[PDB]
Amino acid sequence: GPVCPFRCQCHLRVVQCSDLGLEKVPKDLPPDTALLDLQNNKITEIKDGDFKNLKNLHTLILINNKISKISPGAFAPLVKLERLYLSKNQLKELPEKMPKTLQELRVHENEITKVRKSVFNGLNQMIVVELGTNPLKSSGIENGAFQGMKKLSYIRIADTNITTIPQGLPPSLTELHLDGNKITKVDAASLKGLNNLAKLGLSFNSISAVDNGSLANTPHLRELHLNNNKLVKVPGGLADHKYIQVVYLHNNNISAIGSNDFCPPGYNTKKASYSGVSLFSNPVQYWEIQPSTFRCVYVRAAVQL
C-alpha cells in the first residue's frame, strides 16, 4: 500500500513535497511516481535505501536542502532518471555512480571543491551540466573529467574560483559557459578539439590575453562573449575565422583596434557576416577606428561603439 506523506500532494504520477521542512526522503511512495519534488526541505543526506522502487522516476528535485553527503549509487536504482537537481545544498563533491540515463545535472550553489572524472564515466546521455557558484578551483577539476560524456552539449561553471579553462572537454560540446570566474587567459590547448562549439561565454573574468590559434580550435564558433575582462586588444584570429558572428568586447582595456582585427584584407565570401560587435566602455573611442575596420559588416546596427 503506497502512501502520500502528510501535507504532500500526490496527483498524476507527481509527488509534491516542497516547503514541508522534511528531514529525510519519504519512503513508500507510489511505484509509478514520475516526478518527485522535495525542494525547500531540511534533508541532510541521501542514504542507500532512500530511492527504492522508484523505477519510473524521470525527475528528482532536491533543490534547496541541507544535503552534505550522498552514499555512492544512492541514485542508481532510479533506472529512468533523466534530470537530477541538487542545487542549493552543501555537497563537497559530485555523487558517484549516477543513473546512466541522466540527461541533466544541476549542482548550482553547493560547496564543490573536486570534480572527479569517475563520476562522469559512462553517463552517455548527459547533455547539460550546471556547476556554478561553487568554491571549486581549477586544481579541483581532474583533467578530462567531463570526457566521459560523449553526448554533452552544454556545460556551465560560473561564479567559482577556476582560473583556466578546463582541459579535456568533450568534443560534442556546442556551448561552453564560464562566466564570472577568475580566468586570466585563454590558451589554445583548452579549446583544442571543440569542433562543434557554437557559443563560448567568458564574460566577467580577469582575462588579459587570448593566445593566437585559440579561436582557430573552435572553427565553428558563432558567439564569443568576452565583455567585462582585462583585454588589452581584440583577440586574434577573428579575420580568418569563418563562422564567428557575435563578438562582445565591451568593458575591457583595449588600447587600439587594427585594420584587420575583425575583417580580412580582401572581402572573403566564405566568412560569415558579423551580426553583433560591442566595443564601448573601452579606452578606444569611435574616432580612433578607421571606417575601413568594419568593411565586411553590412549593417551599421551591428557594431556598437
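From 1 onward, residues are counted along the sequence shown.
So, looking at the entry's B-factor column for Cα atoms, which has the higher mean, 91-99 or 198-206?
Result of the comparison: 91-99.
Quick check: 58-66 versus 271-279, which has the larger average CA B-factor in the record?
Higher of the two, by average CA B-factor, is 271-279.
Among the candidates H250, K242, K42, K27, give the one with the maximum CA B-factor reported in the record.
Reading the PDB entry, the winner on C-alpha B-factor is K27.
Name the one of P219, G180, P72, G132 with the greatest CA B-factor according to the PDB entry.
Within the set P219, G180, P72, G132, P72 shows the top C-alpha B-factor.
Based on the deposited C-alpha B factors for this chain, I'd like to know if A188 is in the lowest, middle or highest third.
Highest third of the chain for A188's C-alpha B-factor.
Quick check for you: using the entry's CA B-factors within this chain, is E23 in the lowest, middle or highest third?
As the PDB entry reports it, the C-alpha B-factor of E23 lands in the middle third of its chain.
With respect to C-alpha B-factor, does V232 fall in the lowest, middle or highest third of the chain as deposited?
Its C-alpha B-factor, which the entry lists for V232, ranks in the highest third among residues of this chain.
Pull the Cα B-factor of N212 out of the PDB entry and bin it into the chain's lowest, middle or highest third.
It belongs to the highest third of the chain when residues are ordered by C-alpha B-factor.
Among all modelled residues of this chain, ranked by Cα B factor, put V79 in the bottom, middle or top third, i.e. lowest, middle or highest.
It belongs to the middle third of the chain when residues are ordered by C-alpha B-factor.
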